[PDB]
Amino acid sequence: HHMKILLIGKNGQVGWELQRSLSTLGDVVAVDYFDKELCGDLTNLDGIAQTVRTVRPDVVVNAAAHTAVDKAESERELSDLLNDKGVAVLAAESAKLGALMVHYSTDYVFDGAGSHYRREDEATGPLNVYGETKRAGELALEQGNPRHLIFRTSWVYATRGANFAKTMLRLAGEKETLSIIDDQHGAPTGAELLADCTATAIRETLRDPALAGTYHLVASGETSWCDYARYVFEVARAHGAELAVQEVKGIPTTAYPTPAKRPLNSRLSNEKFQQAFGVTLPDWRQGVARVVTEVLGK
Ligand SMILES: NC(=O)c1ccc[n+]([C@@H]2O[C@H](COP(=O)([O-])OP(=O)(O)OC[C@H]3O[C@@H](n4cnc5c(N)ncnc54)[C@H](OP(=O)(O)O)[C@@H]3O)[C@@H](O)[C@H]2O)c1
Ligand code: NA
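Numbering (the deposited numbering), first residue to last: -1 to 296.
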């Protein structure tokens, strides 16, 4: 017998790696909003509910979200649908089936104060619509399905998809100088790490259901966006890439404002996850070096 796993958001950065990592846990039914047979559109509340009822999963993994942080400030209804109302429907339908539901969240549920690595039960206080609707979805899942795993993560990148590492690598081909924010700090976390630790956590939580709850799932360490970009260029040049960029200048968040206010401290303690699931979470540089290498075809 094989468990039935429903993956929503299959085409995203994390969803694509979950198509790999979940494939040995059971029979995977993977959808995204373009699917024609099953509704994979998390904003179609009745349709996505019918998909859960049809598939009857043992595990639901939601990798779909509204992730365009600055656009979210002018798309508040859509952000609420994708990050809150849709998550509530998934929680209700999965709990009717007794299914374990996995959901991802964000460092942006916090206000960005301090310089410490945040523990999971600190008070939330989002500064932007993305964080507000993401936190509302967290609460909807907590109330709707006790059998859940919520993984807060940060600064996600991958070989496939759009992200800061690939954007920096492209811009470094063309621009001689880059001005990059140096006062926001967090851990770049790879879609690979998120997908593999998710599969591990699912297996361990099915074995020990007491492990349900909320975890910070990030790579270890911290960097500013500025030093992150510098590292991407260091790796690229070590693999023979020719880059135009000569200087990366650090600038404060106040220098050029964004529609969405961003937290300065995005550090998340990942000790709870390591202890609960018996995993090592490597320093953030490793996963970034790997993606840069793959993007360059090396
Ligand atoms: N700030 C953070 O902490 C941060 C950063 C990255 C990711 N995350 C979280 O980690 C999870 C995924 O990470 P990601 O990096 O994979 O984000 P992503 O790459 O944007 O993947 C987003 C997924 O949602 C899909 N989607 C968009 N509109 C949809 C709809 N109406 N119905 C169904 N699916 C829809 C996207 O498809 P299209 O893109 O083609 O619409 C894509 O498949 C999300 O929970 C996200 O919030 C958090
Ligand atoms: Na069951």
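C-beta: ideal position from N, C-alpha, C; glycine also.
Stretch-stretch touch, CB-based, cutoff 8 Å, three pairs: the region 183 to 197 with the region 119 to 128: no
Minimum C-alpha distance to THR41 - residue among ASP25, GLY13, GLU73: Residue numbering aside, residue 41 sits at position 43 when the sequence shown is read from its first letter. It is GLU73.
Heavy atom of ligand 1 within 7 Å of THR22 beta-carbon: In the sequence shown, the residue the question calls residue 22 occupies position 24. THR22 Cβ: outside cutoff for every heavy atom of ligand 1.
Local conformation of residue 297 per DSSP, three classes: With the chain covering -1 to 296 only, the question about residue 297 has no answer from this structure.
Segments of 3+ residues assigned as beta strand (DSSP E) that fall wholly inside the region 0 to 60: 2 to 6, 25 to 29, 57 to 60
heavy atom of ligand 2 below 7 Å from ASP206 C-beta: Position 208 of the sequence shown, counted from the start, is the residue given in the question as residue 206. The answer is no for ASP206.
For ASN81, the three-state DSSP class (helix, strand or coil): In the sequence shown, counting from the first residue as 1, residue 81 sits at position 83. In this structure, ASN81 counts as helix in the three-state DSSP scheme.
Contiguous beta strand (DSSP E) assignments of at least 3 residues, all confined to the region 87 to 175: 98 to 104, 146 to 151
Inter-residue Cα distance where the pair is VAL26 and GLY129: Your numbering for residue 26 matches position 28 in the sequence shown. Your numbering for residue 129 matches position 131 in the sequence shown. Their Cα atoms are separated by approximately 29 Å.
8 Å contact criterion, which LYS173 and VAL243 should meet: CB distance rounded: The count along the sequence shown starts at 1 and reaches residue 173 at position 175. The count along the sequence shown starts at 1 and reaches residue 243 at position 245. The Cβ separation is near 6 Å, so the contact holds.
Contact check, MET99 vs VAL58, beta carbons under 8 Å: If you number the sequence shown from 1, residue 99 lands on position 101. If you number the sequence shown from 1, residue 58 lands on position 60. Against a cut-off of 8 Å, the Cβ pair of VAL58 and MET99 comes out as a contact.
Sequence-distant residues of the same chain with beta carbon closer than 6 Å to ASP180, five excluded per side: In the sequence shown, counting from the first residue as 1, residue 180 sits at position 182. Closer than 6 Å at Cβ, skipping near neighbours: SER222, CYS224, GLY248.
Beta-carbon proximity check, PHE149 vs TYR102, cutoff 8 Å: As a first step, residue 149 must be located in the sequence shown, where it is residue number 151. As a first step, residue 102 must be located in the sequence shown, where it is residue number 104. Against a cut-off of 8 Å, the Cβ pair of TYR102 and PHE149 comes out as a contact.
Residues near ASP194 in its chain [Cβ-Cβ closer than 8 Å; skip 5 each side]: Taking the first residue of the sequence shown as position 1, residue 194 is located at position 196. Contacts found: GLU15, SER19.
Rounded straight-line distance, which links the Cα of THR131 to that of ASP78: As a working mapping, residue 78 is identified with position 80 in the sequence shown. As a working mapping, residue 131 is identified with position 133 in the sequence shown. When rounded, the distance between both Cα atoms is 5 Å.
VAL100 Cβ short of 7 Å to ligand 1 heavy atom set: Taking the sequence shown and counting its residues from 1, the one referred to as residue 100 is at position 102. No - ligand 1 has no heavy atom lying nearer than 7 Å to the Cβ of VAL100.
Status (buried if at least 16 other CB within 10 Å, exposed otherwise) for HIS146: Within the sequence shown, numbered from 1, the residue matching residue 146 stands at position 148. With 16 or more neighbouring CB atoms inside 10 Å of its own CB, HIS146 falls in the buried class.
Cβ contact check for the region 196 to 208 and the region 254 to 263: 3 or more pairs under 8 Å: Using a Cβ-Cβ distance cut-off of 8 Å, the region 196 to 208 and the region 254 to 263 are not in contact, since fewer than three pairs of beta carbons, one from each stretch, lie closer than that value.
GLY285 - containing alpha helix (DSSP H), residue span: Locating residue 285 in the sequence shown gives position 287, where the first residue counts as 1. Unbroken alpha helix (DSSP H) run through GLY285: 282 to 293.
Selection from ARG288, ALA197, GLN272, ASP281 that minimises the alpha carbon distance to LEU23: As a working note, residue 23 is residue 25 in the sequence shown. Ranking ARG288, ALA197, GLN272, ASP281 by Cα distance to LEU23 puts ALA197 first.
Span of the beta strand (DSSP E), counted from its first residue to its last, around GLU245: By 1-based counting over the sequence shown, the position of residue 245 is 247. Counting along the chain, the beta strand (DSSP E) containing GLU245 begins and ends at 245 to 249.
Other residues of its chain near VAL87: CB distance less than 7 Å, five sequence neighbours each side excluded: By one-based count along the sequence shown, residue 87 stands at place 89. Closer than 7 Å at the Cβ level, and outside the excluded window around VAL87, lie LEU43, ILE46, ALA47.
Contact test: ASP105 Cβ vs ligand 1 heavy atom, cutoff 7 Å: Stepping through the sequence shown from its first residue, residue 105 is reached at position 107. Yes; taking the cut-off as 7 Å, the Cβ of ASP105 has a heavy atom of ligand 1 nearer than that.
According to DSSP, residues forming a beta bridge with residue 383: Because the chain is modelled from -1 through 296, residue 383 falls outside the range shown and cannot be assessed.
Cβ-Cβ distance between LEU294 and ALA239 below 8 Å: On the sequence shown, position 296 is the one that residue 294 refers to. On the sequence shown, position 241 is the one that residue 239 refers to. Against a cut-off of 8 Å, the Cβ pair of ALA239 and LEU294 comes out as a contact.
Any residue whose CB is nearer than 6 Å to a heavy atom belonging to ligand 2, listed in chain order: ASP56, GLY96
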